[PDB]
Each structure stands twice: as C-alpha cells, then as structure tokens.
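Next up: just one chain, as structure tokens, the form deposited in one PDB entry.
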C-alpha cells in the first residue's frame, strides 16, 4: 500500500489567497505568474516534474517529494496593512525546509524578487539554469517596471481563457505594446490571444486579413526566434485553418521549447482534429497534470473548439467525479 515519494516531483501550492478575507488583485496575479514561470522553467529545463496546483482547490495523495508553498502573511501591526509573500520549499521525505523567503512586493521590484527566488531555487535544488532559459527570460518579461502589474494581469486573464477574459487580456497587451514598442514578445502574445478570440467570435474578412498579416510579420521577427510563442501562434493559426499537419509540426516544436499546460492542450486539439482521440486524451491529461484545475479544464473543454470531456477524455471525466 506504500506510495514511494519522488524527490524530483514537485507541487506548487498557494495558501491564504484572501490576505484581507477578500481578493484582491495585484499581489495575487503576480504570485500566480511567478508560480507558472517556476513550474514551466523547471519542466522545460530540468529533470524535475512540476505540478502547478495554484489553481487547484483539492488536496489528494501524491508522490511529490517536494512542495513549494506561496502564502500571504499579515504582520497585523495595523488594520488593512498589506500582506507580505512567504515562499517556502519543503522536502516531504523528512519535512525539512529547503528554502524560506519573505518577500515585500513594491509595484516595481517584481522582476528583482522573482530573480532572487530563481537564484535561490537553483541553489536549493542543485539546478543550474541553462543558457536558453536565461535568454528566454530576458525576452518574455517586460523590462519597463511600470508595466509589470498589467502584464501579470493579462497573463492571469489568458489562463482563464473565456471570451471576456481574453478580450481584457488583448486590451491590456495592446496598452503594453503602445507603451513598450521594443517588448516584441507582448506583440506576439497579443496575436496569440487575438487568434484565439477570433475562434471565439470570428472576425470579418478585412479584420481577419489584418490579423493574418500581423501574424506573418511577427513569426519572421528574428528576436522571437527560439521562443515557443511563435510556434503557438503557428499552431493555433493552422488549427483555425484546419491545417492538421502544419499545426502538428508547429506544436511539437513549441513543446520542445516550452513544456507547458497550454502547449499540451493545443497538442490535444491537433490530435482531435486528426481523429486521434486517445492521443488527444493523453495530451489533455498531461496538461491537467501540469496545471490541474478549472483554468486548464476550461481550455480543454472550450479552447479553439468544444471538446467533450466525457467522450474524448473519459479517464479525466471519471477522475473528476471520483
């Protein structure tokens, strides 16, 4: 009956989301973005397997050898005092604390704090960060500090995936693009969001041609070479056009560049389009493993086209019911 702990399997949890009994946007979408970045970085660039459980409200038995916990903590020195962020890495094999950070976030220092956490995690996990990871991080985060809060907000809206959330993400990204023309990645993320929005509410012919021209210009930009986002755009554009082989090629390259819940959802959608439901279900279960919860389920059920969890993904249907 014994379940063996795996020291290279890590869960990320969030505790006390309601610092002031209420939420609470700002520190929270930042923390959600940090959690996603840590999970994606380790999944892509190390032999750790990370389950981002930030969006997962259930506690179940798991073989995770380590747990990274993000908690908001109030010093209670006066009413309505801002919480600080506590981040702890615990080894579940013996209960020891490997990393214990207290972070005060200041609407400006988000990248510096994140960098400190990444440096400390590298030391605690005996895990140097490879060159491609360091280069990628330089390209996928805004360096104008004033824009960070809204960038993290757009990210959280993307995770939610519904039409209203994507509409707001596109708006936020459009503002960032205007404010920071050099931050090419934001232009690419906005095109990805916009193609998905087109699948939700189809553009007229003129607007579609404009979006397609924008995609064409983006995917050839040399500074976005070697980023998963270009391949996500190529994959979603091909899915929309029903070009199955082109989408399959794109998303597998995207996955090499970024092991993320979203890339596995997109691979699932390609497999469904190919008439391969078992392979689709396997990709969707992978996505759910990487980031379990309502956000990933929303994308599985609704992203690009509708997918029946009972029919296409019966293991997950049964799991969710159990």
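Positions refer to the first chain, counted from 1. Residues that one form lacks are left out of the comparison. What we label the rigid core is the largest C-alpha set whose atoms superpose within 1.5 Å from one form to the other.
What follows is about the form deposited in another entry, which we do not show.
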Subject >> Residue among 102, 164, 123, 144 whose Cα moves 2 Å or more between the shown form and the other one, once the rigid core is superposed >> reply: 144
Original post:
Quick one: once the rigid core is lined up, does residue 181 have its C-alpha move by 2 Å or more between the shown form and the other one?
Top reply: no
**OP:** Please check if residue 135 moves between the shown form and the other one, taking a CA shift of 2 Å or more relative to the superposed core as movement.
**Re:** no
Original post:
Do you see a C-alpha shift of 2 Å or more at residue 205 between the shown form and the other one, with the core held fixed?
Top reply: yes
**OP:** Might you say whether the CA atoms of residue 203 and residue 168 end up closer or farther apart in the other form than in this form? Their distance differs by 3 Å or more.
**Re:** farther
Original post:
in the other form, do the Cα atoms of residue 102 and residue 23 sit closer or farther apart than here, given a shift of 3 Å or more?
Top reply: closer
Original post:
Once the rigid core is lined up, which stretches of 3 or more residues in a row have C-alphas that move 2 Å or more between the shown form and the other one?
Top reply: 20 to 23, 76 to 81, 144 to 146, 200 to 207
